[PDB]
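K.L.:
Sharing a structure here in structure tokens format.
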Amino acid sequence: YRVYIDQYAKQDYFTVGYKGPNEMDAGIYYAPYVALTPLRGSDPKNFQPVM
Amino acid sequence: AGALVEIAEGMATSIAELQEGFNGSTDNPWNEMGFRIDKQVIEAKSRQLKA
């Protein structure tokens, strides 16, 4: 068993999982699509930068 | 008589920082300056004699 902590635990527990060799065999999929595209701008009313 | 004296002051950097709708404030515009460019026109009046 790989024992991961859950460092924020509202009561207490242990969740026994499964993760196969493949990324196909999981039980939940976290699929990233785009990543943290930074955006910038300045509101010309007050000129002060927002991001 | 020194009763009513005459001054010029700055702008509190708390006010100036948020000016014209920053950080939720409103109704407080910046002050602006334009220009104008209006024209004048003259006419040539005549004059004359005889003998």
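Within each chain, counting starts at residue 1; across the structure tokens, chains are named A, B, ... in the order shown, with ligands numbered 1 upward in that order.
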Please provide as a PyMOL selection string all residues within 9 Å of segment 28-44 of chain A, with the sequence filter that same-chain residues fewer than 6 positions apart are discarded (counting only C-alpha atoms).
P.N.:
(chain A and resi 50-51) or (chain B and resi 22)
K.L.:
Go through chain B and flag each residue having an atom no more than 10 Å from chain A; for those, report the closest pair of atoms plus their distance in Å to one decimal, using only C-alpha atoms, ordered by chain and rising number, as a tab-separated table.
P.N.:
```
residue	atom	partner	partner_atom	distance
B:16	CA	A:46	CA	9.7
B:17	CA	A:46	CA	8.5
B:18	CA	A:46	CA	6.8
B:19	CA	A:46	CA	5.7
B:20	CA	A:46	CA	5.4
B:21	CA	A:46	CA	6.2
B:22	CA	A:46	CA	5.9
B:23	CA	A:46	CA	9.5
B:29	CA	A:45	CA	8.5
B:30	CA	A:46	CA	8.5
```
